[PDB]
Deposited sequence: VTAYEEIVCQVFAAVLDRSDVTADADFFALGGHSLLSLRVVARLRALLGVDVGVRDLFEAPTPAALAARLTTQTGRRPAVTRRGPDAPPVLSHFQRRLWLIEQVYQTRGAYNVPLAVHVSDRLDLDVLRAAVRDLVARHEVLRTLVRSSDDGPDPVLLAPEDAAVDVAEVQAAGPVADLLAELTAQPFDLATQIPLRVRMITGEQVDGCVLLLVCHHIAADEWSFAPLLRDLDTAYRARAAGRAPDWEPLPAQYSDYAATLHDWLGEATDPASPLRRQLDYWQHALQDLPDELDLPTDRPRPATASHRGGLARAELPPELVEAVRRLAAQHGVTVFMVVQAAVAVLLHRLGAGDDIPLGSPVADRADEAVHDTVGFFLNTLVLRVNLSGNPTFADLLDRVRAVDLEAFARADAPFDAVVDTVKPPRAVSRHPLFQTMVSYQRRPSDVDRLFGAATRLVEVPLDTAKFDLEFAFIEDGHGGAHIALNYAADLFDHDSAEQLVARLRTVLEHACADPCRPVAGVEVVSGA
């Protein structure tokens, strides 16, 4: 996606357009060939990989050209193929065995529908959705060897759909309903609740998935498929879609077969693991941050959410600054957080974790599942560099780390073998992420729909900064270490670093 977004930068800058999308065709937007010499030339200076007009012909779209610049394609297995637990799923199942997460790993998705949907038709749509995505009806029961996936049959996957009347503010009820625990060995990792009442106009459709079966990118497939299925089941027929290109097990199986054994030196896993053992060498145990309380001895996993609204001219300024320096918006937001901690006394070694989506294959681009590997983006701020300088360091660190994004985070932790503490997250405690909410989801289920935020009562790490476009900043802080007022000031201080950065990126940090 980093390669993907940076290619759009050159397409729009060379073709002088604003019609640059992930699925846009270079030649289709008026693209010739000297234009490719300029586009191919610029791509070399930023990404540093060998690109040529030859690549542009084969991959004339940013999405394709990005995948071309960088492993077998996901091959759909047999109809009777058994489920296969991906290394991503193993971590999520494992985390809930070692921690009292309080549902901190339940990802919520709430939509406001102008019409109180038909709970019976909705249920049929939820049953259809679960049947389409095997990941939504796959249980993880513990055994003597390890966790074993149990793919429920469509007839046997008891879906959980129910209506819920709102008494108080639905915002706090959504958080409460979302944080309810999941029993991955007996319950499917999908929960649907239709919140209705006299205080809410129409109803609020809440989809609560456990992260083991869905990530933030699965929101679009879920809503799109639940709309497609809901509309059909409302007409007495089964929803008419074309079969899924692949299932999660197919992606996991193809991914695991290619990853190889960490003991074989020629396998991608060990060869990537080796990069990280060097890249994360002599890593800080933890950053010297300003906390309001000492690190507890138990991970309460409880936290809050401090938001900082971003003016359109500031969102527009950040995008402009990114394009000028040949860096993604994430890299800008990441440098801001790094500077913030650096200015707060963290030091010159700012290890920030970040989620990278493994959705390169076209067979899993719009599929439901968890493809987010956590990566340690180690930013060095020594030598009192300017912001534009740190944008160079960040980009190099990111692109270099993005080429080794397939080593499971848990394996990197085992390879770097860091001093551990159940109250502290390994390698990193501050996470920076850039999310985008689904667009064109305003007329779902034949009504007036609109996404609703769920107030987070939990926190996965000490500090999680999130740049969320519809844009704003969301601070997921650990309640055991930070006070809400302190988080509000910290997210606001991030905004001020961004304001100064765009205005004068030549200023020391």
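Residues of the deposited sequence lacking C-alpha coordinates, numbered from 1, fall in the stretches 1, 72 to 76, 477 to 480, 520 to 528.
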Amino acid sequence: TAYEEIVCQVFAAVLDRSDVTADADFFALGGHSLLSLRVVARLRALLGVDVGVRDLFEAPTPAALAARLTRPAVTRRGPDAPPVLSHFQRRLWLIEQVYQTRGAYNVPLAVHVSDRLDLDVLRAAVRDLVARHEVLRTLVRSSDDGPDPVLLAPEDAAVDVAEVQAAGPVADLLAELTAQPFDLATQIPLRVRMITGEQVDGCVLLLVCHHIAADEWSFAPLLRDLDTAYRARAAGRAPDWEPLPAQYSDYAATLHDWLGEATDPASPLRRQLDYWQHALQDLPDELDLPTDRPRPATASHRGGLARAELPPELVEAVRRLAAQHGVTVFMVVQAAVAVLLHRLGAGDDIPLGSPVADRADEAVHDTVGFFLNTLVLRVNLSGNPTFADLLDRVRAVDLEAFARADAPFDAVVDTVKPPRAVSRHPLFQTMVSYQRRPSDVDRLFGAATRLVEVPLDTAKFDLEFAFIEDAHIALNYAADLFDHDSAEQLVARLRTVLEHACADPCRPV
From here on, numbers count along this sequence of modelled residues.
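Checked against the other entries of this protein, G369 counts as resolved in every one of those spanning it, not missing from a third of them. Coordinates for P169 are present in every one of the other compared entries of this protein that model residues on both sides of it, well short of the third needed to count it as often missing. As the entry records it, the average C-alpha temperature factor is higher for 120 to 128, out of 331 to 339 and 120 to 128. Legend: mean Cα B-factor per stretch from the PDB entry, 250 to 258 versus 236 to 244; the higher mean is in 236 to 244. Across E216, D285, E155, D410, the entry's maximum B-factor at the CA atom is seen for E155. Within the listed group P418, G146, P351, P72, the record reports its top CA B-factor for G146. Annotation for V170: C-alpha temperature factor in the highest third relative to the rest of the modelled chain, per the entry. In the deposited entry, the Cα temperature factor of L15 sits in the top third of values across the chain's modelled residues. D25 sits in the highest third of its chain by CA B factor, as recorded in the PDB entry. Annotation for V113: C-alpha temperature factor in the middle third relative to the rest of the modelled chain, per the entry. The PDB entry assigns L37 a C-alpha temperature factor belonging to the highest third of its chain's modelled residues.
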